[PDB]
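The next block holds one structure in the form of structure tokens; read it before the comments.
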Amino acid sequence: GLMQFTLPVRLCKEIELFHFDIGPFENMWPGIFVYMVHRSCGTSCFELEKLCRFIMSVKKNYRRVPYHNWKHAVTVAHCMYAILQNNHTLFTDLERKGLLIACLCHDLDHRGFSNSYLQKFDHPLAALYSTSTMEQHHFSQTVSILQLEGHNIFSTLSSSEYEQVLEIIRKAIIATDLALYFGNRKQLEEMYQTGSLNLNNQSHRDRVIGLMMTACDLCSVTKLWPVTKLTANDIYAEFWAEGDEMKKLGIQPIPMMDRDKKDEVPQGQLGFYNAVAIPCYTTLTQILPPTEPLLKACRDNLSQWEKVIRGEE
Ligand SMILES: COCc1cnn(C)c1C(=O)Nc1ccn2nc(-c3ccccc3)nc2c1
Ligand SMILES: [Mg+2]
Ligand SMILES: [Zn+2]
């Protein structure tokens, strides 16, 4: 109860910033996560034994793929932690608790292939979940881990709260299906400009949390240029492996996934920042003003990619 987690001074300060990078030292990521739950939620949100056991069954069920791994899980959870600290009074105790848990869990047991590939390969997960295939698998793994003995970090919630937290987490994890982002952001844009956006309306809270989730998921683009650039290598190492595999099933893959189309990567980063990230961070800044530094940083990295194309690095 009387056991603070700290962090050395550079981390203690840089962690509160949106562009913080959790670094190359794996063995600190759990302590970083716990440090965030504590400052965001209080030392009393979670029995320390149950949380430490949950954090390590989660870690152990992420795979060692180049991008969709334990380090992405914690990065995503960090960005969420930033958003919540900068808007601390807009969210319930249940929302704060389950959204960081949602983010640590959001890619559980990912294999490093798109929903798309699962369906083209006819993987059993695509027979059991026809849309948001991996994302329903993700929530499903989270519940599995939650039901291991000693793992139920939610044990001490009323029966009511418990069902509402699992519903927040479920909805939150589904939202990271980027195919649902476009619909969601459009409606949020319109609802905001027609002054109809109502945060006591629960289905409006849902769309906002959906958007935060996309924001945190995509936060590689809000980092210092060299973090942004080296993360894109990891991203393409998955995409081009998926492409290879498409080819092995006898299918031309989309250019994104074709390692014979490396030369066009800056062009596709631009498309990506213009069709996806900029609009994501724009609407989110409109809705939660103190998220602006994600927007600002995202535009800086768009401008670094432009610089690449022009041969200026
Ligand atoms: C779904 O995105 C996940 C994600 C998360 N964080 N980031 C930076 C990404 C991310 O790079 N996305 C995208 C999107 C669209 N294209 N098109 C290309 C491309 C097209 C033609 C030729 C070569 C490449 N490369 C990407 C990368
Ligand atoms: Mg995912
Ligand atoms: Zn993710």
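Within each chain, counting starts at residue 1; across the structure tokens, chains are named A, B, ... in the order shown, with ligands numbered 1 upward in that order.
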Closest-contact table, chain A side, partner ligand 3, 8 Å, counting only C-alpha atoms and all ligand atoms, as a Markdown table:
| residue | atom | partner | partner_atom_place_in_ligand_line | distance |
| --- | --- | --- | --- | --- |
| A:68 | CA | ligand 3 | 1 (Zn) | 6.4 |
| A:72 | CA | ligand 3 | 1 (Zn) | 6.7 |
| A:73 | CA | ligand 3 | 1 (Zn) | 6.9 |
| A:76 | CA | ligand 3 | 1 (Zn) | 7.3 |
| A:106 | CA | ligand 3 | 1 (Zn) | 6.2 |
| A:107 | CA | ligand 3 | 1 (Zn) | 5.4 |
| A:176 | CA | ligand 3 | 1 (Zn) | 6.7 |
| A:217 | CA | ligand 3 | 1 (Zn) | 4.9 |
| A:218 | CA | ligand 3 | 1 (Zn) | 7.5 |
Resulting file, chosen residues, C-alpha atoms, as a PDB file, in the first residue's frame:
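The resulting file, result-v9.pdb, is reproduced below:
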ATOM      1  CA  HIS A  68       2.777  -6.080 -33.174  1.00  0.00           C
ATOM      2  CA  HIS A  72       3.824  -1.670 -29.049  1.00  0.00           C
ATOM      3  CA  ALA A  73       1.364  -2.700 -26.303  1.00  0.00           C
ATOM      4  CA  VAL A  76       0.010   2.460 -26.896  1.00  0.00           C
ATOM      5  CA  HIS A 106      -5.251  -4.526 -27.610  1.00  0.00           C
ATOM      6  CA  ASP A 107      -3.001  -6.718 -29.832  1.00  0.00           C
ATOM      7  CA  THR A 176      -8.486  -0.441 -33.142  1.00  0.00           C
ATOM      8  CA  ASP A 217      -2.435   2.866 -31.768  1.00  0.00           C
ATOM      9  CA  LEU A 218      -0.888   5.149 -34.390  1.00  0.00           C
TER      10      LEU A 218
END
Query raised in the report: What's the 12 Å shell around residue 228 in chain A, counting only C-alpha atoms, without same-chain residues fewer than 5 positions away, as a PyMOL selection string?
Result: chain A and resi 19-21+218-223+233-235+269+297-298+300-302+304-305
Could you produce a table of the residues of chain A lying within 9 Å of ligand 1, with the nearest pair of atoms per residue and their separation in Å rounded to one decimal, using only C-alpha atoms and all ligand atoms, ordered by chain and increasing residue number, as a Markdown table?
| residue | atom | partner | partner_atom_place_in_ligand_line | distance |
| --- | --- | --- | --- | --- |
| A:178 | CA | ligand 1 | 1 (C) | 6.8 |
| A:217 | CA | ligand 1 | 5 (C) | 6.8 |
| A:218 | CA | ligand 1 | 6 (N) | 4.5 |
| A:219 | CA | ligand 1 | 6 (N) | 6.9 |
| A:220 | CA | ligand 1 | 6 (N) | 5.6 |
| A:221 | CA | ligand 1 | 8 (C) | 5.7 |
| A:228 | CA | ligand 1 | 8 (C) | 7.4 |
| A:229 | CA | ligand 1 | 8 (C) | 8.7 |
| A:231 | CA | ligand 1 | 8 (C) | 7.4 |
| A:232 | CA | ligand 1 | 8 (C) | 5.7 |
| A:235 | CA | ligand 1 | 11 (O) | 6.3 |
| A:236 | CA | ligand 1 | 11 (O) | 7.4 |
| A:239 | CA | ligand 1 | 27 (C) | 8.4 |
| A:254 | CA | ligand 1 | 21 (C) | 7.7 |
| A:255 | CA | ligand 1 | 21 (C) | 4.5 |
| A:256 | CA | ligand 1 | 19 (C) | 3.7 |
| A:257 | CA | ligand 1 | 24 (C) | 7.1 |
| A:258 | CA | ligand 1 | 23 (C) | 7.2 |
| A:259 | CA | ligand 1 | 23 (C) | 8.0 |
| A:260 | CA | ligand 1 | 23 (C) | 8.8 |
| A:261 | CA | ligand 1 | 22 (C) | 5.3 |
| A:262 | CA | ligand 1 | 23 (C) | 5.6 |
| A:263 | CA | ligand 1 | 23 (C) | 6.9 |
| A:264 | CA | ligand 1 | 22 (C) | 4.3 |
| A:265 | CA | ligand 1 | 23 (C) | 3.9 |
| A:266 | CA | ligand 1 | 24 (C) | 7.1 |
| A:267 | CA | ligand 1 | 21 (C) | 6.7 |
| A:268 | CA | ligand 1 | 18 (C) | 3.6 |
| A:269 | CA | ligand 1 | 26 (C) | 5.3 |
| A:270 | CA | ligand 1 | 16 (N) | 8.2 |
| A:271 | CA | ligand 1 | 15 (C) | 6.4 |
| A:272 | CA | ligand 1 | 14 (C) | 4.5 |
| A:273 | CA | ligand 1 | 8 (C) | 8.0 |
| A:275 | CA | ligand 1 | 14 (C) | 8.7 |
| A:276 | CA | ligand 1 | 14 (C) | 7.9 |
| A:277 | CA | ligand 1 | 7 (N) | 8.4 |
Write the selection just made, keeping N, CA and C atoms, as an mmCIF file, in the first residue's frame?
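Printed below is again16.cif as written:
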data_model
loop_
_atom_site.group_PDB
_atom_site.id
_atom_site.type_symbol
_atom_site.label_atom_id
_atom_site.label_comp_id
_atom_site.auth_asym_id
_atom_site.auth_seq_id
_atom_site.Cartn_x
_atom_site.Cartn_y
_atom_site.Cartn_z
ATOM 1 N N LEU A 178 -8.855 -0.532 -37.625
ATOM 2 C CA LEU A 178 -8.801 0.702 -38.462
ATOM 3 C C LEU A 178 -9.923 0.731 -39.522
ATOM 4 N N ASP A 217 -2.884 3.991 -30.908
ATOM 5 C CA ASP A 217 -2.435 2.866 -31.768
ATOM 6 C C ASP A 217 -1.468 3.362 -32.818
ATOM 7 N N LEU A 218 -1.618 4.592 -33.228
ATOM 8 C CA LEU A 218 -0.888 5.149 -34.390
ATOM 9 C C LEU A 218 0.198 6.058 -33.878
ATOM 10 N N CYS A 219 0.489 6.043 -32.571
ATOM 11 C CA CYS A 219 1.297 7.118 -31.935
ATOM 12 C C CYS A 219 2.750 7.049 -32.413
ATOM 13 N N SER A 220 3.213 5.984 -33.089
ATOM 14 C CA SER A 220 4.568 5.987 -33.739
ATOM 15 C C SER A 220 4.742 7.260 -34.566
ATOM 16 N N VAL A 221 3.689 7.763 -35.197
ATOM 17 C CA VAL A 221 3.803 8.985 -36.041
ATOM 18 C C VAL A 221 3.889 10.286 -35.203
ATOM 19 N N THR A 228 10.111 7.520 -35.200
ATOM 20 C CA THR A 228 9.138 7.374 -36.301
ATOM 21 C C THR A 228 9.716 6.569 -37.476
ATOM 22 N N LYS A 229 10.931 6.879 -37.858
ATOM 23 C CA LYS A 229 11.543 6.271 -39.043
ATOM 24 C C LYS A 229 11.867 4.810 -38.713
ATOM 25 N N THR A 231 10.587 2.835 -36.497
ATOM 26 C CA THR A 231 9.340 2.047 -36.276
ATOM 27 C C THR A 231 8.758 1.657 -37.622
ATOM 28 N N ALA A 232 8.776 2.573 -38.572
ATOM 29 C CA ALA A 232 8.315 2.235 -39.936
ATOM 30 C C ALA A 232 9.093 1.029 -40.499
ATOM 31 N N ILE A 235 7.309 -1.873 -39.132
ATOM 32 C CA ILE A 235 5.962 -1.933 -39.729
ATOM 33 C C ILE A 235 6.072 -2.636 -41.079
ATOM 34 N N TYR A 236 6.995 -2.218 -41.914
ATOM 35 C CA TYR A 236 7.133 -2.767 -43.275
ATOM 36 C C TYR A 236 7.630 -4.200 -43.149
ATOM 37 N N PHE A 239 4.472 -5.989 -43.034
ATOM 38 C CA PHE A 239 3.661 -5.821 -44.261
ATOM 39 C C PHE A 239 4.240 -6.687 -45.382
ATOM 40 N N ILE A 254 -1.346 -5.995 -52.181
ATOM 41 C CA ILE A 254 -1.403 -4.507 -52.351
ATOM 42 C C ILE A 254 0.021 -3.919 -52.349
ATOM 43 N N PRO A 255 0.322 -2.804 -53.062
ATOM 44 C CA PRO A 255 1.691 -2.264 -53.054
ATOM 45 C C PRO A 255 2.305 -2.065 -51.647
ATOM 46 N N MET A 256 1.499 -1.611 -50.693
ATOM 47 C CA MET A 256 1.917 -1.462 -49.265
ATOM 48 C C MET A 256 2.754 -2.683 -48.826
ATOM 49 N N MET A 257 2.352 -3.863 -49.265
ATOM 50 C CA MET A 257 2.856 -5.157 -48.778
ATOM 51 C C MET A 257 3.887 -5.724 -49.770
ATOM 52 N N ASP A 258 4.163 -5.021 -50.864
ATOM 53 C CA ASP A 258 5.051 -5.584 -51.896
ATOM 54 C C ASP A 258 6.415 -4.980 -51.657
ATOM 55 N N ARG A 259 7.383 -5.821 -51.279
ATOM 56 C CA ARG A 259 8.773 -5.394 -50.986
ATOM 57 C C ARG A 259 9.469 -5.103 -52.290
ATOM 58 N N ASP A 260 8.819 -5.416 -53.410
ATOM 59 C CA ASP A 260 9.280 -4.921 -54.729
ATOM 60 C C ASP A 260 8.810 -3.483 -54.917
ATOM 61 N N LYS A 261 8.182 -2.866 -53.931
ATOM 62 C CA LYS A 261 7.683 -1.489 -54.112
ATOM 63 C C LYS A 261 8.139 -0.654 -52.946
ATOM 64 N N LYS A 262 9.330 -0.971 -52.415
ATOM 65 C CA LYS A 262 10.063 -0.190 -51.381
ATOM 66 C C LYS A 262 10.189 1.279 -51.800
ATOM 67 N N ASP A 263 10.682 1.493 -53.019
ATOM 68 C CA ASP A 263 10.950 2.817 -53.634
ATOM 69 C C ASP A 263 9.746 3.747 -53.376
ATOM 70 N N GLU A 264 8.474 3.280 -53.377
ATOM 71 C CA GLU A 264 7.262 4.152 -53.184
ATOM 72 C C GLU A 264 6.860 4.391 -51.676
ATOM 73 N N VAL A 265 7.751 4.156 -50.706
ATOM 74 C CA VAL A 265 7.355 4.102 -49.266
ATOM 75 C C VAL A 265 7.049 5.523 -48.770
ATOM 76 N N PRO A 266 7.925 6.498 -49.101
ATOM 77 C CA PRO A 266 7.607 7.881 -48.759
ATOM 78 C C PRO A 266 6.261 8.330 -49.366
ATOM 79 N N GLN A 267 6.007 8.015 -50.649
ATOM 80 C CA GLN A 267 4.693 8.324 -51.252
ATOM 81 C C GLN A 267 3.580 7.758 -50.338
ATOM 82 N N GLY A 268 3.615 6.471 -49.956
ATOM 83 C CA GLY A 268 2.575 5.817 -49.103
ATOM 84 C C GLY A 268 2.542 6.308 -47.648
ATOM 85 N N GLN A 269 3.665 6.680 -47.058
ATOM 86 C CA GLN A 269 3.651 7.382 -45.755
ATOM 87 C C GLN A 269 2.808 8.652 -45.919
ATOM 88 N N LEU A 270 3.077 9.510 -46.923
ATOM 89 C CA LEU A 270 2.265 10.747 -47.205
ATOM 90 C C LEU A 270 0.775 10.416 -47.261
ATOM 91 N N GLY A 271 0.407 9.420 -48.087
ATOM 92 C CA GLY A 271 -1.013 9.007 -48.227
ATOM 93 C C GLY A 271 -1.590 8.702 -46.870
ATOM 94 N N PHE A 272 -0.778 7.979 -46.111
ATOM 95 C CA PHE A 272 -1.159 7.482 -44.781
ATOM 96 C C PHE A 272 -1.373 8.679 -43.825
ATOM 97 N N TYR A 273 -0.401 9.591 -43.741
ATOM 98 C CA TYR A 273 -0.471 10.781 -42.861
ATOM 99 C C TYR A 273 -1.641 11.681 -43.267
ATOM 100 N N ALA A 275 -4.461 10.678 -45.467
ATOM 101 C CA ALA A 275 -5.772 9.997 -45.296
ATOM 102 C C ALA A 275 -6.071 9.597 -43.840
ATOM 103 N N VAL A 276 -5.076 9.424 -42.939
ATOM 104 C CA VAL A 276 -5.362 8.692 -41.673
ATOM 105 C C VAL A 276 -4.924 9.448 -40.452
ATOM 106 N N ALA A 277 -3.623 9.690 -40.316
ATOM 107 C CA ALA A 277 -3.099 10.214 -39.031
ATOM 108 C C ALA A 277 -3.553 11.662 -38.863
#
Requested in this report: List all protein, DNA and RNA residues that have an atom no more than 12 Å from any atom of ligand 2, counting only C-alpha atoms and all ligand atoms, and report them as an MDAnalysis selection string.
Outcome: chainID A and resid 62 67:69 72:73 76 102:115 132:139 172:179 213:214 216:218
**Report entry** Within 9 Å of range 5-16 of chain A using only C-alpha atoms, minus same-chain residues under 6 positions, as JSON, numbers by chain
**Finding:** {"A": [22, 31, 32, 34, 35, 36, 38, 78, 81, 82, 85, 86]}
Query - Pairwise distance for CA of residue 49 in chain A and CA of residue 150 in chain A, rounded to one decimal in Å - result: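 The value is 8.0 Å.
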Requested in this report: Could you pull out the residues in range 63-303 of chain A that DSSP calls helix (DSSP H, G or I) from the backbone, as a ChimeraX atom specification?
Outcome: /A:70-86,88-90,93-105,115-121,124-128,133-146,159-175,178-193,202-217,219-222,225-248,255-257,259-287,289-303
Report task. Please provide as JSON, numbers by chain all residues within 12 Å of residue 120 in chain A, with the sequence filter that same-chain residues fewer than 4 positions apart are discarded (counting only C-alpha atoms). Result -> {"A": [113, 114, 115, 116, 124, 125, 126, 127, 130, 242, 243, 245, 246, 247, 248, 249, 250, 251, 252, 253]}
Requested in this report: Write out as a PyMOL selection string each polymer residue whose atoms come within 9 Å of residue 41 in chain A, counting only C-alpha atoms; drop sequence neighbours fewer than 6 positions from it.
Outcome: chain A and resi 93+96-97
Pull N, CA and C atoms from the residues just selected and write them as a JSON list (two decimals), in the first residue's frame.
[["chain", "number", "residue", "atom", "x", "y", "z"],
["A", 93, "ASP", "N", -13.55, 6.88, -13.04],
["A", 93, "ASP", "CA", -12.56, 5.95, -12.43],
["A", 93, "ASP", "C", -12.57, 4.62, -13.19],
["A", 96, "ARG", "N", -10.78, 5.23, -16.64],
["A", 96, "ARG", "CA", -9.31, 5.42, -16.52],
["A", 96, "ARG", "C", -8.66, 4.03, -16.36],
["A", 97, "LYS", "N", -9.19, 3.23, -15.43],
["A", 97, "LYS", "CA", -8.79, 1.85, -15.09],
["A", 97, "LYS", "C", -8.73, 0.92, -16.31]]
